[PDB]
Amino acid sequence: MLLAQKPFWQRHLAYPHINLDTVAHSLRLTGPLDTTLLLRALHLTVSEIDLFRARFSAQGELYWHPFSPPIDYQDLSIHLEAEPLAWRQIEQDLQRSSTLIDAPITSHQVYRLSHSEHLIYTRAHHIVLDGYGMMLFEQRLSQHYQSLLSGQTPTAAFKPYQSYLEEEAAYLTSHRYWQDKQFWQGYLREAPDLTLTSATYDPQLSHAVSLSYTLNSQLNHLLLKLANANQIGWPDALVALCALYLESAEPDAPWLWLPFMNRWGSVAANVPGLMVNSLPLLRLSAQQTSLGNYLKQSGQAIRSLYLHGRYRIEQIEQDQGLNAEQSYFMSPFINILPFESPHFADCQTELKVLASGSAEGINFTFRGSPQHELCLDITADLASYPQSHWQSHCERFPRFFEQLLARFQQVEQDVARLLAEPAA
Amino acid sequence: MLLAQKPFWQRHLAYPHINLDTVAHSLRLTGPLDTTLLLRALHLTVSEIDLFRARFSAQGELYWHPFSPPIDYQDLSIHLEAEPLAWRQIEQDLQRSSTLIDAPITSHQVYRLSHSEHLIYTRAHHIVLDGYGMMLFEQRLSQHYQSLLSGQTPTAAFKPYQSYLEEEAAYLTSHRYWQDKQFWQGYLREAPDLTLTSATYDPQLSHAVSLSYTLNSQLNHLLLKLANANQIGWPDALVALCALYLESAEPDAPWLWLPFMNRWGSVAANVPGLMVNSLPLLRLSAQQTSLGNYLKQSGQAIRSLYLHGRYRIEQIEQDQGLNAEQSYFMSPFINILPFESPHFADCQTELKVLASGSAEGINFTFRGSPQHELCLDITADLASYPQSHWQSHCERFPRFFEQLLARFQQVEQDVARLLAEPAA
Amino acid sequence: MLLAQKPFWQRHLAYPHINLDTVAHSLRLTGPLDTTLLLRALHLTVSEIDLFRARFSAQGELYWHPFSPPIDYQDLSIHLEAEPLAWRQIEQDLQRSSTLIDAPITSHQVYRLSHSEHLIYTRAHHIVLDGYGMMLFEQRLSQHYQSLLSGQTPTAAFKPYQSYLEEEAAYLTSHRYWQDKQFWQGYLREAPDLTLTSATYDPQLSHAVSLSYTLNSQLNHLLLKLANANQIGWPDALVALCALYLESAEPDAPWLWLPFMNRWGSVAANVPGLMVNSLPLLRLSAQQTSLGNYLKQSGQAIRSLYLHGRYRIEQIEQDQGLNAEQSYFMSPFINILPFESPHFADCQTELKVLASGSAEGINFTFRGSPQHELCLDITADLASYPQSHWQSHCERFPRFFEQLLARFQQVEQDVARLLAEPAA
């Protein structure tokens with residue numbers, strides 16, 4: 001078992017009767033799709049994912065099931081209560097006991113609701129799949145379907161999970177491992193303390209609240225320009241902007257937590273699994289600096305995180321002295337969700353996140369793309385984050401974007417002029 | 001548009017009325033050549049070079065013309081004033097006002113002067129073609145003509161430019177990119193300031209003065225014997241010897257500028273275009289060192305620059321805080337061009353460089369090969385370099401080479417011997 | 001010549017007659033070995049090792065022989081005086097004159113005793129091969145054999161030695177070089193003086209004595225266990241433990257010398273040769289810390305050595321201001337020998353060390369593996385170490401392990417508890 005999987009494994013031993021870290025998506029395809037080919041496509045995709053065959057012993061020993069995950073298919077086009085019938089079974093799986101010992105970690109269900117309506121349900125435990133893995137699974141499903149439909153030879157399959165283990169093993173014994181430890185050690189030393197997880201925090205008592213604000217299109221164009229002008233992508237740009245925002249909105253929070261996919265330059269880029277790593281970014285001050293210099297310098301600080309990003313935060317926790325019963329309070333946290341839902345010839349795809357872990361602290365999420373629609377979701381777990389502050393963020397963050405777009409207007413949309421003004 | 005191209009683009013917008021960065025070669029062929037097949041060969045070679053179909057919008061957007069460039073041919077074997085008619089048209093092109101906007105960037109003219117005389121003129125703007133690229137073009141022309149003459153099938157065609165764009169795009173995203181960034185950052189920290197282009201320098205007021213100096217055979221042999229001995233290529237050997245010559249001839253200049261092809265190991269080796277990168281080499285001191293040790297350690301240094309050579313100098317200028325209106329004064333500069341002229345059966349080839357960049361500073365260009373004829377060309381632009389210094393280089397550089405052969409004669413032409421002696 | 005090679009060169013000049021530094025193994029293969037394929041395998045293996053072609057001039061210049069070393073094979077199956085004939089020729093080589101100067105630096109002899117018995121002899125002077133080196137050689141020989149036995153094509157050949165020289169030179173001119181210098185400087189300044197080599201010491205007058213103690217399985221499993229707990233390797237854990245035992249067995253000995261292979265993350269990993277660096281570990285205090293806390297911190301310090309290990313100990317001596325006639329007395333010395341003997345299909349391998357170079361002081365060597373069997377080897381040079389203290393160590397070191405095994409059982413195999421009780 002990988003260090004990154006241990007915390008999930010422990011949470012499970014600590015609250016067995018409940019599925020705290022599940023990942024489930026539903027795909028709704030509307031269109032003249034070829035049922036049979038989709039089923040083959042799904043069966044093919046799943047075969048390529050070695051980790052979906054993972055199983056754990058009572059002692060946490062990971063071992064491998066020899067068969068690929070079953071694909072439960074049902075033609076419901078016959079019944080009038082087709083949809084409700086499909087959703088009862090989907091909820092059934094969501095409400096399953098979700099044990100981990102000697103059991104299948106994933107589930108795959110397909111429903112033909114009508115000749116032009118299909119419902120695909122995919123579920124896994126966070127211990128064998130993260131967000132990026134999920135989309136990889138979706139794109140692959142897409143790829144196999146297109147190949148089957150167009151009668152072409154499909155492109156290459158996911159590399160075996162074993163190739164990733166080997167790569168990870170080599171990294172753990174490499175000098176880079178030590179340069180990384182070195183780097184996080186210095187980063188935190190010359191910095192304000194990180195917040196630990198409360199001793200009285202019960203993961204199951206989570207109580208999530210949320211609000212979504214759709215960013216104005218004019219802001220998206222600016223977002224891009226701003227990104228370009230600083231030789232950074234819009235996701236990294238939003239992380240910078242978000243940190244700038246927190247300068248006023250929550251000055252006492254010196255840290256902004258980020259998820260580094262840990263797929264960059266690695267075979268993991270072709271191996272669905274668990275690799276995401278949570279890292280803390282020390283927000284730069286807005287005092288005595290231009291917005292332009294703020295974005296550029298934040299981007300570098302962020303980049304620096306990615307370069308030493310393969311070093312596990314769990315490991316950092318140990319390096320910093322926390323004991324086994326401790327963990328960092330990764331809040332505030334930012335997530336950028338840029339990936340499109342998987343495509344299928346002559347169909348519309350409606351993707352729905354049915355499960356995705358547990359909310360802790362406050363979370364800022366950006367789903368979509370400045371090229372189309374980009375929304376901001378402000379989610380807080382009232383059991384570990386004050387409701388009023390959450391209230392405040394839902395009113396202040398959106399305004400923050402309204403201003404930026406304004407300061408731009410009142411400067412005749414001159415990218416260089418806006419980057420010219422002070423960060424504050 | 002690539003970064004390497006931006007500066008040529010800007011120079012054009014700044015001075016539209018002049019051809020600052022044009023490349024043009026004339027190939028005069030003497031022999032009973034097959035005109036029709038030469039034309040075909042030229043037709044096929046230009047069609048394989050995607051970049052020659054490039055064009056730019058007034059906004060600097062590079063788009064693609066669907067047709068290969070035209071090959072303008074003229075049989076002039078009838079006129080009494082044949083050669084003069086050819087050259088008058090060439091000079092005219094060398095005098096056309098460049099226009100990178102929505103216009104063809106290359107020109108191809110062939111002239112049949114007499115049954116045994118042909119003149120080929122090839123012109124491109126530096127923004128789509130460099131030295132190495134020109135030679136790939138000439139060699140390819142030679143290959144095709146030879147294939148057609150013997151009936152054989154031609155060897156593989158140039159890869160598409162798209163492949164290079166992709167490879168480049170990946171490098172810009174890789175870990176190497178950041179490794180290269182840190183490197184140039186360290187290298188420039190541990191060293192004397194680099195010089196910046198005077199702010200009053202006007203590219204058009206350039207005024208280049210030149211002078212050749214063939215190296216006697218005994219030196220060329222010595223160059224090779226020295227290179228082999230230090231297990232390095234003669235070009236680097238030659239670069240070292242210049243580094244050494246400069247130590248005494250121009251001690252108040254620590255840097256020496258070099259061109260890095262960026263061809264080896266990349267698809268660029270099979271894609272004509274612009275890839276050469278000018279990078280600064282910090283001269284090693286000649287004090288306390290044997291000649292041999294100087295050569296080897298210089299080679300080790302050059303190689304170090306090679307490895308990080310894909311990192312763009314324009315990027316470095318930004319990393320080092322220069323602004324949009326500044327740049328490095330890349331002088332002195334030592335440019336080595338080993339390539340031989342293209343060959344055609346039963347013919348002699350006379351290559352003539354009709355246009356190349358534009359003089360800046362003092363330039364040491366070596367053309368040839370130590371096995372054949374190697375001529376040193378000291379060029380200077382009095383508009384940006386001390387005329388007196390230039391003359392002084394013309395005197396002492398050849399003397400430097402003469403003293404070298406001499407000190408060699410001194411110890412019975414014993415390579416080990418000559419190498420054990422002190423550097424200076 | 002490399003710095004690590006110079007002291008061997010010196011020893012040879014100072015005592016031309018005696019062959020003081022030799023590494024020589026014998027491998028007895030019992031089974032139905034394919035003689036011919038073995039001989040081919042041996043042939044292929046020696047040909048991949050550039051360094052076995054090294055030869056030294058009178059002035060100590062290292063030059064290269066153009067041919068791979070010969071392999072002398074004799075079928076003694078028909079002869080009656082079999083084994084005696086083999087060993088007699090072996091002893092003759094161990095008893096060669098071979099004044100390093102202009103002589104084959106290695107020897108390879110193969111003997112077929114019967115169709116079931118084969119004896120392989122391999123000798124090299126320590127100046128071109130260390131322990132790891134010898135191991136690599138052995139493993140490559142089994143790879144080749146196996147490859148020829150099965151119809152499989154062999155894996156990659158050892159990289160060329162020039163590769164390593166090129167890497168080392170790069171390191172010497174690097175900043176990493178300077179950091180290592182810094183680390184060693186301070187690590188020594190803030191610590192007790194290292195013991196210099198007695199001026200009245202004569203290498204040729206070595207008088208070795210040894211005695212082996214086989215660590216009982218009970219302990220083996222504990223060793224491994226102890227290793228896991230402190231997230232460290234068992235060899236590193238054995239050093240930590242040896243340093244502990246030395247806290248009350250020779251309290252006046254602040255330092256413990258360790259051999260650092262210096263193969264870690266280097267082409268040297270695929271280049272048999274001399275790279276081992278002897279370094280001083282400042283033994284940590286066994287007071288005011290728990291066993292588990294001692295191991296964890298010992299491993300950290302040990303890690304630091306490896307991390308700065310590329311800096312040469314001979315270089316450190318020069319840095320500490322020692323003159324050419326001086327060196328560090330490297331005693332106590334712990335050596336870990338984990339590697340198994342080469343394996344050949346359907347055969348038995350009985351490895352035997354016939355020469356491993358003379359060593360000063362006292363040495364603690366761990367041969368084998370906790371996974372299977374391992375024996376502690378206490379060896380001493382009476383001409384440089386008190387025979388008394390030696391016998392002292394022979395009785396007291398094992399006891400130290402019976403105590404650890406006992407203090408363990410005496411805590412109901414409670415691993416975390418053993419690691420809770422203070423140092424000693």
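Chains as they are written, first to last, in the authors' numbering: chain A, 1 to 424; chain C, 1 to 424; chain B, 1 to 424. C-beta: ideal position from N, C-alpha, C; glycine also.
Measure from the C-beta of residue i to each C-beta in chain A and report whether the shortest distance is under 8 angstroms.
| i | result |
| --- | --- |
| C/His-308 | no |
| C/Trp-178 | yes |
Beta-carbon of residue i versus every beta-carbon of chain C: anything under 8 angstroms?
| i | result |
| --- | --- |
| B/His-175 | yes |
| A/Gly-273 | no |
| B/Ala-406 | no |
| B/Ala-170 | yes |
| A/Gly-265 | yes |
For the candidate residues the options, whose alpha-carbon lies nearest to that of residue i?
| i | options | result |
| --- | --- | --- |
| B/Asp-252 | B/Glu-83, B/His-389, B/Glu-317, B/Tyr-201 | B/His-389 |
| C/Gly-309 | C/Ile-71, C/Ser-285, C/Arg-263, C/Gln-320 | C/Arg-263 |
| A/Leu-129 | A/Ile-49, A/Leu-165, A/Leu-418 | A/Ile-49 |
| B/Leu-113 | B/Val-23, B/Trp-87, B/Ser-98 | B/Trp-87 |
| C/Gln-387 | C/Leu-38, C/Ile-105, C/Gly-273, C/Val-209 | C/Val-209 |
| B/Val-353 | B/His-118, B/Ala-191, B/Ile-378, B/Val-23 | B/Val-23 |
| A/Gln-326 | A/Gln-74, A/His-126, A/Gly-31, A/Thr-195 | A/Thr-195 |
| B/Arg-312 | B/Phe-260, B/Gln-391, B/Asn-230 | B/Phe-260 |
| B/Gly-31 | B/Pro-398, B/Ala-383, B/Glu-350 | B/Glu-350 |
| C/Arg-55 | C/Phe-401, C/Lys-6, C/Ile-101 | C/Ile-101 |
| B/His-115 | B/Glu-395, B/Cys-347, B/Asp-414, B/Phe-400 | B/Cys-347 |
| B/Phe-344 | B/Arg-140, B/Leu-2, B/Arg-396, B/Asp-72 | B/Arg-140 |
| B/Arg-28 | B/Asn-363, B/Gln-109, B/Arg-283 | B/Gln-109 |
I'd like to know whether the C-beta of residue i is nearer than 8 angstroms to at least one C-beta of chain B.
| i | result |
| --- | --- |
| A/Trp-9 | no |
| C/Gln-300 | yes |
| residue 426 of chain C | Outside the modelled stretch of chain C, which goes from 1 to 424, sits residue 426 of chain C, for which no answer is possible. |
| C/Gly-186 | yes |
Just confirm the distance between the C-beta atoms of residue i and residue j, as a whole number of angstroms; I'd bet it's less than 8 angstroms.
| i | j | result |
| --- | --- | --- |
| A/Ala-4 | A/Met-275 | 7 angstroms |
| A/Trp-257 | A/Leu-241 | Actually they are not in contact, since the Cβ atoms of A/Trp-257 and A/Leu-241 sit about 16 angstroms apart, beyond 8 angstroms. |
| B/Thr-289 | B/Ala-170 | With 8 angstroms as the limit, B/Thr-289 and B/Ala-170 do not qualify as a contact, their Cβ atoms being about 40 angstroms apart. |
| B/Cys-375 | B/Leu-215 | 7 angstroms |
| C/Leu-281 | C/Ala-301 | 7 angstroms |
| C/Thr-106 | C/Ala-124 | 5 angstroms |
| B/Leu-149 | B/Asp-34 | 6 angstroms |
Assign residue i to buried or exposed, taking buried as 16 or more other Cβ atoms, counted over all protein chains shown, within 10 Å of its Cβ.
| i | result |
| --- | --- |
| C/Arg-96 | exposed |
| residue 425 of chain C | Past the edges of chain C, shown from 1 to 424, lies residue 425 of chain C, and the structure says nothing about it. |
| A/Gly-133 | buried |
| B/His-17 | exposed |
| B/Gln-162 | exposed |
| C/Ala-380 | buried |
| A/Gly-361 | buried |
| B/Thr-197 | buried |
Touch check for the stretch 364 to 371 of chain C and the stretch 332 to 345 of chain C: three-plus C-beta pairs under 8 angstroms?
Touching, yes.
Determine contact between the stretch 135 to 155 of chain C and the stretch 30 to 50 of chain C, defined as no fewer than three beta-carbon pairs at a distance below 8 angstroms.
Yes: at least three Cβ pairs fall under 8 angstroms.
Using 8 angstroms as the cut-off, can you tell me whether the stretch 207 to 224 of chain C makes contact with the stretch 404 to 413 of chain C, which would need three or more C-beta pairs spanning the two stretches below that distance?
By the Cβ criterion, the stretch 207 to 224 of chain C is in contact with the stretch 404 to 413 of chain C, since at least three pairs of Cβ atoms, one from each stretch, lie closer than 8 angstroms.
So, does the stretch 108 to 122 of chain A touch the stretch 4 to 22 of chain A, judging by three or more C-beta pairs under 8 angstroms?
No contact exists between the stretch 108 to 122 of chain A and the stretch 4 to 22 of chain A.
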